[PDB]
file run_28.cif (mmCIF, C-alpha atoms and all ligand atoms)
data_my_file
#
loop_
_atom_site.label_atom_id
_atom_site.label_comp_id
_atom_site.auth_asym_id
_atom_site.auth_seq_id
_atom_site.Cartn_x
_atom_site.Cartn_y
_atom_site.Cartn_z
CA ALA A 19 187.68 -17.11 181.56
CA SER A 20 187.33 -17.03 185.31
CA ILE A 21 189.46 -14.34 186.94
CA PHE A 22 189.33 -10.60 186.50
CA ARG A 23 192.55 -8.63 186.40
CA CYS A 24 193.23 -4.92 186.12
CA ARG A 25 193.11 -3.99 182.45
CA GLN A 26 196.04 -1.54 182.76
CA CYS A 27 198.61 -3.65 184.57
CA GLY A 28 197.35 -7.22 185.17
CA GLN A 29 196.87 -7.18 188.96
CA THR A 30 194.47 -9.86 190.15
CA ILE A 31 191.22 -8.30 191.35
CA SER A 32 188.24 -10.68 191.39
CA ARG A 33 186.62 -13.89 190.10
CA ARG A 34 183.49 -14.68 188.08
CA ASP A 35 182.52 -17.02 190.91
CA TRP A 36 182.21 -13.92 193.17
CA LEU A 37 179.70 -12.00 191.04
CA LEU A 38 176.82 -10.73 193.16
CA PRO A 39 173.28 -10.10 191.82
CA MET A 40 172.28 -6.89 193.74
CA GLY A 41 168.59 -6.14 193.10
CA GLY A 42 168.37 -9.17 190.77
CA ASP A 43 171.32 -8.47 188.43
CA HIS A 44 175.12 -8.27 188.76
CA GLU A 45 175.22 -5.49 186.07
CA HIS A 46 174.15 -1.94 186.92
CA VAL A 47 174.54 0.98 184.53
CA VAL A 48 174.84 4.23 186.51
CA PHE A 49 176.01 7.89 186.32
CA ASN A 50 177.93 10.12 188.75
CA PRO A 51 177.32 13.88 189.24
CA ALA A 52 179.90 14.64 186.49
CA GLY A 53 177.71 12.72 184.07
CA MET A 54 180.19 9.87 183.62
CA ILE A 55 178.40 6.67 182.81
CA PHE A 56 179.80 3.47 184.24
CA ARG A 57 178.76 -0.07 183.67
CA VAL A 58 179.20 -1.61 187.12
CA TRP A 59 179.53 -5.31 187.90
CA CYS A 60 178.90 -6.22 191.53
CA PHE A 61 181.25 -8.64 193.30
CA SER A 62 180.90 -9.95 196.82
CA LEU A 63 184.66 -10.01 197.18
CA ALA A 64 187.77 -8.52 195.65
CA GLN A 65 191.50 -8.20 196.21
CA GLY A 66 194.46 -6.17 194.98
CA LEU A 67 192.65 -2.85 195.38
CA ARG A 68 193.49 0.14 197.54
CA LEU A 69 190.47 1.86 199.13
CA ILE A 70 190.86 5.61 199.44
CA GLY A 71 189.56 8.01 202.05
CA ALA A 72 186.72 7.48 204.44
CA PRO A 73 183.30 6.22 203.29
CA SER A 74 180.64 8.66 202.01
CA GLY A 75 176.90 8.22 201.55
CA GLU A 76 176.62 11.16 199.12
CA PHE A 77 174.90 10.16 195.86
CA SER A 78 175.25 6.42 196.59
CA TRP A 79 173.88 4.29 193.77
CA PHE A 80 172.88 1.60 196.26
CA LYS A 81 170.42 2.43 198.98
CA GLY A 82 171.77 2.24 202.50
CA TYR A 83 175.42 1.87 201.44
CA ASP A 84 178.37 4.23 201.81
CA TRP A 85 181.16 4.18 199.25
CA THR A 86 184.94 4.51 199.11
CA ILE A 87 186.84 4.82 195.86
CA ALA A 88 188.69 1.60 194.92
CA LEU A 89 191.92 1.96 192.99
CA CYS A 90 194.08 -0.76 191.63
CA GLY A 91 196.67 -1.29 194.36
CA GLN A 92 199.33 -1.79 191.74
CA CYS A 93 198.84 0.92 189.08
CA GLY A 94 196.43 3.38 190.67
CA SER A 95 193.83 2.97 187.92
CA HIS A 96 190.30 3.70 189.19
CA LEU A 97 188.49 0.34 189.11
CA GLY A 98 185.34 1.04 191.12
CA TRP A 99 184.06 1.45 194.68
CA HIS A 100 183.78 -0.48 197.87
CA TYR A 101 180.36 -0.35 199.48
CA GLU A 102 179.76 -0.85 203.21
CA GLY A 103 177.36 0.01 206.01
CA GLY A 104 174.29 -1.67 204.53
CA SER A 105 172.54 -4.99 205.05
CA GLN A 106 172.35 -8.30 203.15
CA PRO A 107 175.22 -8.01 202.40
CA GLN A 108 176.85 -5.50 204.70
CA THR A 109 179.60 -4.98 202.12
CA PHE A 110 180.39 -5.60 198.44
CA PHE A 111 182.37 -4.16 195.48
CA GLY A 112 181.06 -2.44 192.40
CA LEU A 113 183.73 -2.61 189.72
CA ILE A 114 183.75 -0.97 186.33
CA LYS A 115 183.53 -3.78 183.79
CA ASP A 116 185.59 -2.24 180.97
CA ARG A 117 188.49 -1.54 183.38
CA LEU A 118 188.97 -5.23 183.96
CA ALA A 119 190.21 -8.10 181.79
CA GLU A 120 188.80 -11.59 182.12
CA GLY A 121 190.92 -14.68 181.63
CA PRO A 122 192.15 -18.10 182.80
CA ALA A 123 192.99 -18.81 186.51
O1 LIG A 201 177.54 8.94 192.16
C1 LIG A 201 178.27 8.13 192.70
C2 LIG A 201 179.77 8.26 192.59
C3 LIG A 201 180.50 7.36 193.56
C4 LIG A 201 179.84 5.98 193.73
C5 LIG A 201 178.33 6.08 193.87
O2 LIG A 201 177.64 5.21 194.41
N1 LIG A 201 177.74 7.14 193.38
ZN ZN A 202 196.26 -1.87 187.67
#
call {"tool": "encode", "arguments": {"input": "run_28.cif", "output": "structure tokens"}}
result
Amino acid sequence: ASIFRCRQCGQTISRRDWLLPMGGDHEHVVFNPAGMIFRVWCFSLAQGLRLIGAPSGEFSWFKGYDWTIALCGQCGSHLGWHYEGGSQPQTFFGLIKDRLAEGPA
């Protein structure tokens, strides 16, 4: 139970080892302006995504960070967001936990 793959297609995305406690916890439950609730797990690093558009600071859940939508690079499923432009760390990923599948390396 140590790597996270895309739930829809199996693309390798991240590792348990790369979980990042932002503000004291790797899990953040949040809502967007359309009222969709996401349970976000923060990772310092990820792979197999495709980051879309240019970063935006609008409604950022994490102070001082701008976001870009992160899709699965294989299937296009929306897996979370890349955050940049902040400090300690400058960048990280916030991935939607129920859109990933955890399993053996
Ligand atoms: O409200 C939102 C949607 C996109 C990601 C974020 O930080 N905030
Ligand atoms: Zn996928």
call {"tool": "closest_residue", "arguments": {"input": "run_28.cif", "among": "A:48, A:113, A:90, A:123", "to": "residue 24 of chain A", "atoms": "only C-alpha atoms"}}
result
A:90
call {"tool": "residues_around", "arguments": {"input": "run_28.cif", "residues": "residue 107 of chain A", "least_positions_apart": "3", "cutoff": "10 Å", "atoms": "all atoms listed in the file", "output": "list in words"}}
result
residues 38, 40, 62, 83, 101, 102, 103, 104 and 110 of chain A
call {"tool": "residues_near_ligand", "arguments": {"input": "run_28.cif", "ligand": "ligand ZN 202 (chain A)", "cutoff": "7 Å", "atoms": "only C-alpha atoms and all ligand atoms", "output": "PyMOL selection string"}}
result
chain A and resi 24-29+90-95
call {"tool": "residues_near_ligand", "arguments": {"input": "run_28.cif", "ligand": "ligand LIG 201 (chain A)", "cutoff": "12 Å", "atoms": "all atoms listed in the file", "output": "PyMOL selection string"}}
result
chain A and resi 46-58+60+73-88+96-102+110-114
call {"tool": "atom_distance", "arguments": {"input": "run_28.cif", "atom1": "atom CA of residue 120 of chain A", "atom2": "atom CA of residue 106 of chain A"}}
result
26.9 Å
call {"tool": "closest_residue", "arguments": {"input": "run_28.cif", "among": "A:72, A:105, A:121, A:44", "to": "residue 30 of chain A", "atoms": "only C-alpha atoms"}}
result
A:121
call {"tool": "closest_residue", "arguments": {"input": "run_28.cif", "among": "A:109, A:39, A:31, A:19", "to": "residue 64 of chain A", "atoms": "all atoms listed in the file"}}
result
A:31
call {"tool": "axis_aligned_box", "arguments": {"input": "run_28.cif", "around": "segment 45-51 of chain A", "padding_each_side": "5 Å", "output": "lines of an AutoDock Vina configuration file"}}
result
center_x = 176.0
center_y = 4.2
center_z = 186.9
size_x = 13.8
size_y = 29.4
size_z = 14.7
call {"tool": "closest_residue", "arguments": {"input": "run_28.cif", "among": "A:23, A:43, A:69, A:36", "to": "residue 115 of chain A", "atoms": "all atoms listed in the file"}}
result
A:23
call {"tool": "atom_distance", "arguments": {"input": "run_28.cif", "atom1": "atom CA of residue 89 of chain A", "atom2": "atom CA of residue 122 of chain A"}}
result
22.5 Å
call {"tool": "atom_distance", "arguments": {"input": "run_28.cif", "atom1": "atom CA of residue 59 of chain A", "atom2": "atom CA of residue 41 of chain A"}}
result
12.1 Å
call {"tool": "build_atoms", "arguments": {"input": "run_28.cif", "residues": "segment 53-70 of chain A", "atoms": "N, CA and C atoms", "output": "short mmCIF file (atom, residue, chain, number, x, y, z; two decimals), in the frame of the given file"}}
result
data_model
loop_
_atom_site.label_atom_id
_atom_site.label_comp_id
_atom_site.auth_asym_id
_atom_site.auth_seq_id
_atom_site.Cartn_x
_atom_site.Cartn_y
_atom_site.Cartn_z
N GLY A 53 178.35 13.24 185.24
CA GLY A 53 177.71 12.72 184.07
C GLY A 53 178.46 11.55 183.45
N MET A 54 179.45 11.02 184.13
CA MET A 54 180.19 9.87 183.62
C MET A 54 179.35 8.65 183.85
N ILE A 55 179.17 7.89 182.78
CA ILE A 55 178.40 6.67 182.81
C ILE A 55 179.38 5.55 183.03
N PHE A 56 179.04 4.66 183.94
CA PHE A 56 179.80 3.47 184.24
C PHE A 56 178.89 2.28 184.12
N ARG A 57 179.42 1.22 183.57
CA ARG A 57 178.76 -0.07 183.67
C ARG A 57 179.41 -0.88 184.79
N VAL A 58 178.68 -1.05 185.90
CA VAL A 58 179.20 -1.61 187.12
C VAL A 58 178.79 -3.08 187.23
N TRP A 59 179.78 -3.93 187.54
CA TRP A 59 179.53 -5.31 187.90
C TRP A 59 179.76 -5.42 189.40
N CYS A 60 178.80 -6.04 190.10
CA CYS A 60 178.90 -6.22 191.53
C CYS A 60 179.54 -7.55 191.91
N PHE A 61 180.52 -7.49 192.82
CA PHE A 61 181.25 -8.64 193.30
C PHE A 61 181.16 -8.67 194.82
N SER A 62 180.96 -9.85 195.39
CA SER A 62 180.90 -9.95 196.82
C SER A 62 182.26 -9.73 197.42
N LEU A 63 183.31 -10.01 196.66
CA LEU A 63 184.66 -10.01 197.18
C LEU A 63 185.61 -9.53 196.11
N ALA A 64 186.70 -8.89 196.54
CA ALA A 64 187.77 -8.52 195.65
C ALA A 64 189.07 -8.41 196.40
N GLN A 65 190.15 -8.31 195.64
CA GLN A 65 191.50 -8.20 196.21
C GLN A 65 192.34 -7.32 195.30
N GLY A 66 193.53 -6.95 195.75
CA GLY A 66 194.46 -6.17 194.98
C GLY A 66 194.09 -4.73 194.75
N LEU A 67 193.08 -4.26 195.47
CA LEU A 67 192.65 -2.85 195.38
C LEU A 67 193.27 -2.05 196.53
N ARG A 68 193.11 -0.74 196.46
CA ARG A 68 193.49 0.14 197.54
C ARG A 68 192.31 1.09 197.69
N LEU A 69 191.69 1.07 198.87
CA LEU A 69 190.47 1.86 199.13
C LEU A 69 190.86 3.19 199.72
N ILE A 70 190.35 4.28 199.15
CA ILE A 70 190.86 5.61 199.44
C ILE A 70 189.87 6.45 200.21
#
